[PDB]
Each structure stands twice: as structure tokens, then as C-alpha cells.
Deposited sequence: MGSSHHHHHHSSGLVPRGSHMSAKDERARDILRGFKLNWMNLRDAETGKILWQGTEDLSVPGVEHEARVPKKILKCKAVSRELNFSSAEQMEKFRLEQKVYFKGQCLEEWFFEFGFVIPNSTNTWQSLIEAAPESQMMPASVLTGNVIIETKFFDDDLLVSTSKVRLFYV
């Protein structure tokens, strides 16, 4: 009976406690047309988040994403790994690295993200996001997408 807590376990939890995704948007990477804006803290694990995006986003060759996030804790190499799941099948693997995060900072992060109809995809796509500081997994979050 009992458990172990490491310094890395403490740090992971402390980063997550101090971390908040404040807002996020998606634009058509070519035209710059704003497709979706959201304010849900998608860093929160355990729960299933939801996002309702317009059907027209599927016609985009590439999407520009902008994230605004706050962090109480310092991070050396803040990064995201993302998986696009369709009915549990991983369609795409993405990798984004921000780098150093100043303690008690608010930061902005822009990323470029490059067949099935909206009627099939809607409610069946899950984006899983893993938040790291280098080796350290801080959070795993899930967002179910609806194409509306």
C-alpha cells in the first residue's frame, strides 16, 4: 500500500495548475479569413471538450491557428503533440514547439496546419493534444469536433 511522487510529477502538476489556454482562432491560411474563434481552456485534461467549426474549413488547403496562453510556471521547451482521430483511427500526427516560457507570462503562438464529408466527420473527429515541457508530459486533452 502506497505511492511514489517525484520532482517531475510535482513540476508537471504545478505547470498544469498555472497553465491556461485563454483563446484560440483558426483562419484560412491563404485569404486570412477568420473561420473559428474559441475561449475554452483546452489544456484541461480528463474531460471531453467540444468545438463547432464551419463546414467550409474542410475546403481550406491550409489553416493558420493562433493560440493565446498563460503560464505561472517557467518551461524550458514548451511543445504540443497532436493527433487527429477519426472513429479512433489516427489520420494525422502534428508537432509544434514554442520553446522557452517565461514565468507568469501571457504568450501568443501562431501555427500553419496543412475526402470525407462534414456529415461523416462531424462528432466523429477527436483532436488529442499533449502538452510537454521537453521530456515532461504536463497534460493530455481531447476536443470533439463538429462541422457546422
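Original post:
According to the record, which stretches of the deposited sequence lack C-alpha coordinates?
Top reply: Unobserved in coordinates, per deposited numbering: 1-16, 131-136.
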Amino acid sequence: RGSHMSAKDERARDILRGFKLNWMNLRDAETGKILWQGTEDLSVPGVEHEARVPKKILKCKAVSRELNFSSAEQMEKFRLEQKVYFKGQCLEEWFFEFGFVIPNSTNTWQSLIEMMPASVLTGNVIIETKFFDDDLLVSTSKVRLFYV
From here on, numbers count along this sequence of modelled residues.
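Subject >> Entry-level comparison of average CA B-factors, 38-46 and 53-61, reporting the higher stretch >> reply: Here the higher of the two C-alpha B-factor means belongs to 53-61.
Original post:
In the PDB record, does 115-123 or 80-88 carry the higher mean Cα temperature factor?
Top reply: Higher of the two, by average CA B-factor, is 115-123.
Original post:
If you rank every modelled residue in this chain by C-alpha B factor, which third holds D9: lowest, middle or highest?
Top reply: As the PDB entry reports it, the C-alpha B-factor of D9 lands in the middle third of its chain.
Original post:
In terms of the chain's CA B-factor thirds, is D134 lowest, middle or highest?
Top reply: Highest third.
Original post:
Lowest, middle or highest third: where is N68 by C-alpha B factor in its chain?
Top reply: CA B-factor rank for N68: lowest third.
Original post:
Comparing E30 with the other modelled residues of its chain, is its CA B-factor in the lowest, middle or highest third?
Top reply: Highest third - that is where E30 ends up once the chain's C-alpha B-factors are sorted.
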